[PDB]
Asker: 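A single structure is presented below for examination.
As the structure lists them, so they are numbered: ligands from 1, and atoms in each ligand from 1. Each chain gets a letter, A, B and so on, in the order its sequence line appears, and its residues count up from 1.
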Amino acid sequence: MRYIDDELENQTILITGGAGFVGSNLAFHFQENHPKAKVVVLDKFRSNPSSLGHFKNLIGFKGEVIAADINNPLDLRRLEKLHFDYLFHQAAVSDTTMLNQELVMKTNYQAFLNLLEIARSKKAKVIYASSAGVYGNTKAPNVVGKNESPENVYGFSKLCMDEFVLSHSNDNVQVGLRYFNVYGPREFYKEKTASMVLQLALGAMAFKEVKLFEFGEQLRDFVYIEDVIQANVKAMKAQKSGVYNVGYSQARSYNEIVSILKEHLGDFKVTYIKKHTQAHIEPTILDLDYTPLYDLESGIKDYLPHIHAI
Amino acid sequence: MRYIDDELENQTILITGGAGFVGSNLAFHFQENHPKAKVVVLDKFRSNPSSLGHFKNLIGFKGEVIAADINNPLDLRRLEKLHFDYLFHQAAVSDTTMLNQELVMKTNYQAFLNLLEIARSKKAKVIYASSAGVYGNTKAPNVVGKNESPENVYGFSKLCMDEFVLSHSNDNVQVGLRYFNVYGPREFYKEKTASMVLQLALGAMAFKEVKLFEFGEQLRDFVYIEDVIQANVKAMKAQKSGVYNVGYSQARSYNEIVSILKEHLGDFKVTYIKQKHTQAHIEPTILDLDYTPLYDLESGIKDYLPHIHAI
Amino acid sequence: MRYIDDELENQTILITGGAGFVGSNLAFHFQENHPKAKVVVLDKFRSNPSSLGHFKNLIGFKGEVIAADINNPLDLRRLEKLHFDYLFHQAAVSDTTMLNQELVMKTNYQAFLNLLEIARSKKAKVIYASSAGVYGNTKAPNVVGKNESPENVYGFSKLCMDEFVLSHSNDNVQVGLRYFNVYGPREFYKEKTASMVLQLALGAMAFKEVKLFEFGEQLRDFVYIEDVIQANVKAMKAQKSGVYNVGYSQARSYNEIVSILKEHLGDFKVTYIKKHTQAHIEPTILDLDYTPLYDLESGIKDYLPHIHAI
Amino acid sequence: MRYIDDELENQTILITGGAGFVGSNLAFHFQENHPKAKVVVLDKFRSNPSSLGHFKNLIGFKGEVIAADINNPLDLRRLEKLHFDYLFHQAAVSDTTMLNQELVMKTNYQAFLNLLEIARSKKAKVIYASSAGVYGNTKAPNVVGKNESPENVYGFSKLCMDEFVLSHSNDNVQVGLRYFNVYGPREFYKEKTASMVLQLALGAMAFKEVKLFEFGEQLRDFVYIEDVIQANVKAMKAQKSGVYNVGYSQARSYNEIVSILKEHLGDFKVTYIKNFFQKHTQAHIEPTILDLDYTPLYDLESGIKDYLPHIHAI
Amino acid sequence: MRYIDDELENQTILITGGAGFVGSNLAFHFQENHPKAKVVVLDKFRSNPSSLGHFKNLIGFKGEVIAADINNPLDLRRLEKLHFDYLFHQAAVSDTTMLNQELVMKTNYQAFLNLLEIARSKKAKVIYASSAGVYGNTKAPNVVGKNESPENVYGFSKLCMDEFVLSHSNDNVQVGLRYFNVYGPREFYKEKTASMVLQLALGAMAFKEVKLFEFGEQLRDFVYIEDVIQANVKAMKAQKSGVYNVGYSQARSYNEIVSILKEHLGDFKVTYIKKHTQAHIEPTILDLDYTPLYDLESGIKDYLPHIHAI
Ligand SMILES: NC(=O)c1ccc[n+]([C@@H]2O[C@H](COP(=O)([O-])OP(=O)(O)OC[C@H]3O[C@@H](n4cnc5c(N)ncnc54)[C@H](O)[C@@H]3O)[C@@H](O)[C@H]2O)c1
Ligand SMILES: NC(=O)c1ccc[n+]([C@@H]2O[C@H](COP(=O)([O-])OP(=O)(O)OC[C@H]3O[C@@H](n4cnc5c(N)ncnc54)[C@H](O)[C@@H]3O)[C@@H](O)[C@H]2O)c1
Ligand SMILES: NC(=O)c1ccc[n+]([C@@H]2O[C@H](COP(=O)([O-])OP(=O)(O)OC[C@H]3O[C@@H](n4cnc5c(N)ncnc54)[C@H](O)[C@@H]3O)[C@@H](O)[C@H]2O)c1
Ligand SMILES: NC(=O)c1ccc[n+]([C@@H]2O[C@H](COP(=O)([O-])OP(=O)(O)OC[C@H]3O[C@@H](n4cnc5c(N)ncnc54)[C@H](O)[C@@H]3O)[C@@H](O)[C@H]2O)c1
Ligand SMILES: NC(=O)c1ccc[n+]([C@@H]2O[C@H](COP(=O)([O-])OP(=O)(O)OC[C@H]3O[C@@H](n4cnc5c(N)ncnc54)[C@H](O)[C@@H]3O)[C@@H](O)[C@H]2O)c1
């Protein structure tokens with residue numbers, strides 16, 4: 001479903017982290033909705049921890065690929081040969097093994113700045129993925145510009161990306177997107193770091209039993225992969241730089257998932273064991289015409305068929 | 001046997017992966033059939049897993065060699081000094097130890113793109129080896145453009161090669177060749193990844209007994225190394241880019257091998273042990289490259305068998 | 001609190017080791033006190049030993065970051081793209097794991113010389129951190145120019161920094177600052193190498209018991225992080241190169257800390273187990289208008305609230 | 001003993017693998033016989049397998065050395081600063097640990113091509129060491145151009161060197177020399193890969209007993225290090241590229257060594273051992289004589305005789 | 001004590017291996033005797049085997065340092081930025097762990113040639129350290145040009161240095177100095193490879209007992225560090241290239257040390273356990289005006305006070 005009535009006729013779209021969850025979904029959206037645009041996906045491609053990209057997420061991709069590591073000078077230098085009109089920077093490190101603090105900064109921030117430089121020279125608009133992690137454990141709703149107190153390097157690295165584009169808001173049109181607990185197709189290969197809806201839904205379908213921490217009633221703003229996609233494409237029409245929250249702007253408990261899940265998968269065991277996010281989405285709507293569809297229900301509904309692929 | 005009535009008189013032919021199975025066979029074909037052409041073979045040469053090229057496969061080669069690693073910038077930069085008219089890209093990674101996903105892509109795809117760039121600048125026609133692996137476990141017959149759902153990185157990497165040349169069909173004349181279970185001389189050093197005909201034929205000749213999975217009646221389109229060669233040389237007359245299936249277009253069971261094998265090696269034990277089906281849709285290849293495979297599993301096993309006797 | 005009535009309006013301030021103790025504190029001072037100045041922090045960012053920088057020390061930073069390793073030619077080359085007016089070189093190696101002698105010299109001295117070269121070309125004033133370690137075990141008070149007999153590589157490396165700027169006092173305005181046992185907020189992540197006031201105060205607050213070597217009456221010139229900050233900002237108005245001692249110029253025993261500590265945290269155990277520094281601060285005062293506030297008391301007082309964050 | 005009546009007065013001679021057996025002997029020959037020529041020896045210098053070069057082989061060398069690895073771009077780039085008139089490429093890998101196939105090709109062939117390129121640009125004549133290994137187990141006599149079927153990478157790599165210069169016979173004057181079982185002074189440090197005459201003569205002198213495979217009557221064309229030297233110096237007057245066999249052109253059994261050896265060292269034990277397993281080499285030397293004026297002296301006898309005094313250095 | 005009545009007023013002196021024994025002593029000589037000259041010391045600085053340089057040997061150095069590895073292209077390339085008038089090449093590998101043959105050649109010879117190239121371009125006179133090791137076990141006296149049959153790589157590498165400068169005697173003024181068993185202050189950190197006078201004198205002062213091989217009456221030409229220094233400074237006035245022996249030209253047995261030692265430290269045990277060098281110094285005297293003072297006696301005498309620093 002087109003999110004902008006632009007043909008993107010002779011445009012070249014570069015998606016880094018294209019073998020990953022959002023990157024691959026995004027690449028497919030353009031493939032199906034703007035068949036005239038050139039979609040080129042770039043990715044390191046699963047190093048095994050570290051990069052959890054996977055060719056399985058690109059199974060029906062008819063565009064082109066670039067096997068590259070954004071930290072590799074040679075690869076970046078070669079990337080300058082490519083003429084692209086847009087850059088959707090989705091490539092980053094898996095929080096799973098985010099051990100070393102210096103390395104998370106290298107690939108999540110340092111590498112980013114370099115892509116910014118290349119995009120600016122090519123006067124290609126930039127749309128990048130930030131994170132709701134920039135807020136750390138602060139009071140919800142989470143508003144951009146307020147209480148961004150990361151609790152881990154990964155969250156901090158993302159904050160640095162934003163603090164940078166904000167400081168350089170006129171170097172080029174650069175739009176940061178802070179995602180909040182995204183779920184949907186193609187997140188399976190993120191392994192243990194795949195969404196809880198994917199986690200729960202799978203435990204239910206498998207062991208017919210599902211584990212969940214202390215009452216699992218903690219609230220997270222779950223945004224469906226489709227709305228995240230809408231955000232990226234809407235963002236490419238931005239005539240000014242900025243960083244926006246991108247969630248459904250409605251928090252839901254892990255229990256409500258289990259619930260909406262039972263309402264589909266029937267009943268299952270709810271074994272326990274012994275933070276609050278909600279996207280303030282106003283400016284996003286205001287600036288990007290963003291308008292999320294898919295609440296946890298519409299989301300879990302649309303996603304569930306794929307989850308059945310067992 | 002000439003597959004094109006061209007002399008290839010002052011042409012320089014570059015064959016990457018020339019120390020490997022098809023590359024070495026190909027190099028010899030040109031050597032014997034187009035003696036006027038300059039055949040230059042390039043290869044990393046067996047690193048031990050990884051590259052399974054082997055000088056034994058070039059024992060009677062009178063042309064020239066280039067010891068190089070296609071992933072090595074210095075080697076590639078040095079390769080630009082060479083003026084070649086054709087590039088047969090056969091160099092790739094052994095599915096045997098295809099462990100790391102990032103590395104398969106580096107050498108099978110990234111390295112490929114760079115060769116593409118060099119060939120284009122030198123305006124040298126490109127003929128490269130793809131794989132039937134791009135189809136994964138989909139319904140046979142396998143048609144280019146349909147149901148290409150790789151199941152492993154190796155298959156995917158090959159698909160990326162094709163998806164690229166198709167997107168750049170006018171940058172230069174680039175012809176991809178999707179091989180299906182190739183067998184024939186010089187595949188011995190591929191070790192455990194050598195064709196089943198070579199595997200079975202050897203077990204029979206040795207232990208007089210042969211193992212084989214669940215009834216071994218699964219069908220594979222076995223194409224003899226000679227037809228693969230025909231495909232490459234026919235492909236060098238292509239005036240347009242494209243990717244083609246290259247098999248015999250006739251599936252055969254592992255049992256039919258055992259059969260055609262007993263019909264030669266006499267009888268032997270058929271021990272078993274406890275979901276794919278390939279068959280090349282070859283129409284476009286015929287149509288575009290004048291490809292016409294000879295050698296059915298019988299003619300193939302027949303012609304191959306004498307060499308297999310070298311024990 | 002402004003330490004100079006300069007607006008620093010369109011100035012760019014580069015702080016290396018900005019993710020560390022003094023660097024992060026310094027970056028915040030400029031942020032809060034000279035909001036018009038551009039504060040750019042650079043750091044390797046904790047490699048795990050080695051670099052003990054930590055994003056936690058930059059939690060409220062609104063300026064920009066540079067993920068870089070001063071020993072990396074590529075990073076340094078990229079750094080030349082940045083136009084900065086001042087360089088506060090705080091980046092150095094953690095004495096904790098200062099094992100290899102060659103490596104301490106590389107990052108503490110060799111890397112320093114290169115920054116000197118870059119700053120000189122950019123005609124940017126240089127203010128760097130030296131150490132009271134240059135004096136080794138010599139008679140106190142410790143006077144710059146006298147009895148600088150390092151006892152370890154780290155101390156020596158710092159000495160080389162000074163012996164160099166002194167030899168090149170006219171290449172650019174380069175000011176070295178020899179710190180003496182600094183304490184205060186944001187030194188927690190220095191782990192085992194964090195100040196004794198932080199060490200003792202934590203043992204007291206936790207185990208209600210505190211260990212301390214042979215009578216712990218050995219004297220150290222403890223200087224509060226705030227005075228160190230005063231020193232750096234005062235130093236940026238220097239019109240001539242030089243190296244200065246920066247302490248409170250008043251030695252205090254580890255017992256006096258325990259004392260001033262009990263006077264706050266109540267009583268606690270003083271278990272034992274079986275060098276003398278005092279900054280000669282005259283020239284510093286004379287040349288930089290340096291005037292330390294915060295004695296061990298005012299220091300421990302102001303610091304203690306933060307230490308309570310447990 | 002001069003092998004050419006040329007003074008080589010202001011010539012610079014570059015010998016790669018100069019810390020090795022033939023390279024070091026060669027460097028000494030020029031030192032003693034053409035004292036006006038500049039002899040510069042280049043070598044990696046024993047990495048420990050791999051490179052078995054050793055400073056002991058250059059003990060009386062008054063010329064100059066270049067510590068370099070021919071596979072190292074930086075070293076090769078620095079080598080271009082040197083102006084040399086001749087290049088004697090003796091540097092190669094020890095068959096002893098020739099494990100990895102890719103690596104033998106890198107240093108024995110790839111590295112060679114680059115030296116060829118540098119020599120060509122400097123218009124310096126090239127004389128390189130090939131091997132009788134290019135023939136593998138084929139019928140003797142071994143003739144250049146016929147039955148070159150290597151059995152190992154090392155032999156293949158050498159063949160590639162030749163197939164290349166032959167394809168590029170006019171790029172510069174490049175002369176390949178296929179050595180057959182060379183023996184003589186300065187091969188001791190090749191360890192286990194030192195000639196059988198050195199091996200046997202040492203076992204005899206030590207344990208007074210000598211081991212030897214299946215009857216040890218298999219024939220090898222043993223060429224004395226001195227004739228190899230004659231070949232290189234004669235080769236530097238070649239006005240055309242080419243690859244030549246360089247042996248004595250007369251095969252001898254390992255027993256004849258033991259024999260010529262007893263005739264000197266007195267008697268000793270001759271213990272055998274068993275474990276198709278056949279090879280037979282004999283250099284067809286005609287073209288070499290024809291083109292290089294090569295004329296080998298030293299039969300196994302004259303060879304073992306002249307060599308034996310040095311072997312006594314125990 | 002000045003060894004040349006030249007002021008060396010605006011000269012820049014580069015000493016490699018400056019953190020080592022002779023290099024550090026040399027650097028101090030110029031510091032004290034030619035205060036007008038710029039003394040810059042370069043060293044890798046103890047990697048732990050390998051490089052046994054140590055900052056302790058530069059404790060009172062007021063000149064400048066360069067942390068560099070002569071085998072590192074980047075460091076050598078950076079070194080070209082420095083304008084120096086003289087190069088005293090003292091840096092080399094410790095015979096102690098001289099295991100790999102290829103590596104000794106790399107740093108002792110290959111790295112040397114590169115320094116030769118840089119010095120030649122800068123038209124800076126070169127004075128380098130060779131060794132009496134070039135003679136191996138040949139008949140004494142040891143004459144330059146005769147019987148140089150090294151027995152180890154280290155000795156050979158040194159020989160190559162000389163055979164090179166001799167072949168290139170007109171490329172620049174390059175003077176090689178073949179030292180013979182040098183002893184004196186600042187050799188302590190050479191550990192087990194420190195002079196026998198230092199070894200014996202320490203065993204005597206400590207365990208009051210001293211070990212010594214087969215009768216310890218083997219003769220070595222022991223030259224005091226001060227005469228070695230005289231040789232280097234006299235060498236910098238050479239107007240022609242050449243390689244010279246630099247010893248006292250008088251062999252002495254290890255027993256004579258024990259003797260001259262007892263004559264000072266009183267008596268001690270002489271426990272045993274089960275080559276001959278003598279520098280032919282004529283050409284050195286003739287060409288460099290070299291005239292050694294300090295026989296084993298004057299040497300042991302002058303050195304002994306320092307050895308007392310225990
Ligand atoms: N819950 C969420 O999914 C969520 C929340 C907040 C922010 N984000 C951000 O959205 C973006 C995409 O996340 P995702 O869900 O797709 O994760 P993902 O791991 O599925 O996709 C990211 C891709 O980056 C690739 N990559 C990693 N290192 C690379 C390198 N050095 N060079 C090239 N490619 C490299 C990985 O292989 C992977 O394919 C990120 O920037 C991520 O931090 C996601
Ligand atoms: N059954 C088959 O034979 C079959 C089936 C499908 C596809 N293919 C394709 O055919 C082509 C060749 O197959 P093959 O049977 O010759 O396999 P092979 O193992 O012989 O590979 C050919 C050569 O590639 C060389 N090589 C690998 N990496 C290299 C590198 N980085 N640099 C230089 N050389 C390198 C190896 O040394 C080997 O000599 C490939 O593109 C392969 O994917 C073959
Ligand atoms: N804290 C004291 O009392 C004291 C005493 C004497 C001297 N000093 C000196 O003051 C300066 C700052 O000390 P600190 O208390 O901030 O120590 P710190 O270790 O907390 O901070 C130093 C920062 O430098 C960073 N760094 C290290 N190597 C780097 C590299 N290669 N590239 C980029 N960044 C790198 C570290 O990660 C850290 O963030 C140093 O030069 C230190 O030696 C401090
Ligand atoms: N019987 C024989 O001795 C025989 C027979 C046939 C061919 N050959 C050939 O003769 C030539 C010399 O043989 P050799 O007897 O001197 O053996 P050798 O062991 O002495 O090897 C010669 C030298 O090559 C040097 N070298 C190896 N790799 C190097 C590198 N990367 N860079 C620089 N130097 C390197 C070795 O260190 C050694 O000094 C070769 O080309 C060899 O293959 C010898
Ligand atoms: N001291 C003696 O008895 C004696 C005798 C004969 C020759 N020599 C020669 O005199 C010179 C100095 O000897 P020394 O007694 O001072 O030994 P030393 O080890 O004290 O001095 C050598 C210096 O070279 C430095 N160095 C080593 N490798 C380096 C590298 N890669 N880059 C930069 N610096 C490096 C070491 O750190 C050390 O500081 C040498 O050339 C040595 O071989 C000394």
Asker: Taking a cutoff of less than 4.0 Å between a non-hydrogen atom of the residue and any ligand atom, is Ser130(A) in contact with ligand 1?
Answerer: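 So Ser130(A) counts as touching ligand 1.
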
Asker: Using a plain distance cutoff, I'd like to know if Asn181(B) has any nitrogen or oxygen under 3.5 Å from a nitrogen or oxygen of ligand 2.
Answerer: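 Between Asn181(B) and ligand 2, no N or O pair is found under 3.5 Å apart.
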
Asker: For the 3.5 Å polar cut-off, considering only N or O atoms, please tell me whether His54(B) and ligand 2 meet it.
Answerer: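 No, since none of the N or O atoms of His54(B) sits under 3.5 Å from an N or O of ligand 2.
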
Asker: Pairs of nitrogen or oxygen atoms closer than 3.5 Å, one from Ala132(C) and one from ligand 3: do any exist?
Answerer: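 In fact, backbone or side chain, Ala132(C) has no N or O that close.
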
Asker: Heavy-atom distance to atom 27 (C) of ligand 1: which of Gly53(A), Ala67(A), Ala92(A) wins?
Answerer: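 That would be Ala92(A).
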
Asker: So is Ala68(A) close enough to ligand 1, meaning a heavy atom under 4.0 angstrom away?
Answerer: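 Distance cut 4.0 Å: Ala68(A) passes for ligand 1.
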
Asker: Of the protein's non-hydrogen atoms, which lies at the shortest distance from atom 1 (N) of ligand 1, and what is that distance?
Answerer: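 Result for atom 1 (N) of ligand 1: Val182(A) N, 3.4 Å.
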
Asker: Of the side chain and backbone of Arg178(B), name the one, both, or neither that has a heavy atom under 4.0 Å from an atom of ligand 2.
Answerer: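 It is neither part, as no heavy atom is under 4.0 Å.
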
Asker: Would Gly18(B) count as being in polar contact with ligand 2, using the rule that some N or O on each side must be under 3.5 angstrom apart?
Answerer: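 So ligand 2 has no N or O lying under 3.5 Å from an N or O of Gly18(B).
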
Asker: Is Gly23(A) close to ligand 1, meaning an N/O of one under 3.5 Å from an N/O of the other?
Answerer: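 Among all N and O atoms of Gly23(A), none is under 3.5 Å from an N or O of ligand 1.
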
Asker: Please report which non-hydrogen protein atom sits nearest to atom 42 (C) of ligand 3, along with the residue it belongs to and the distance in Å to one decimal place.
Answerer: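 So the nearest neighbour among protein heavy atoms is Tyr154(C) OH, 3.6 Å.
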
Asker: To which of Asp43(A), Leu26(A), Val246(A) does the heavy atom nearest atom 37 (O) of ligand 1 belong?
Answerer: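 Checking each option, the heavy atom nearest atom 37 (O) of ligand 1 is found in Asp43(A).
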
Asker: Check this for me - ligand 2, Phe180(B), N or O atoms closer than 3.5 angstrom, yes or no?
Answerer: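 Not met; the criterion fails.
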
Asker: Only heavy atoms count here, so choose which of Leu42(C), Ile70(C), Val41(C) is nearest to atom 32 (N) of ligand 3.
Answerer: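 Checking each option, the heavy atom nearest atom 32 (N) of ligand 3 is found in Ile70(C).
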
Asker: Between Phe55(B), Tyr179(B), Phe45(B), which one has a non-hydrogen atom sitting closest to atom 5 (C) of ligand 2?
Answerer: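 Of the listed residues, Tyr179(B) has the closest heavy atom.
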
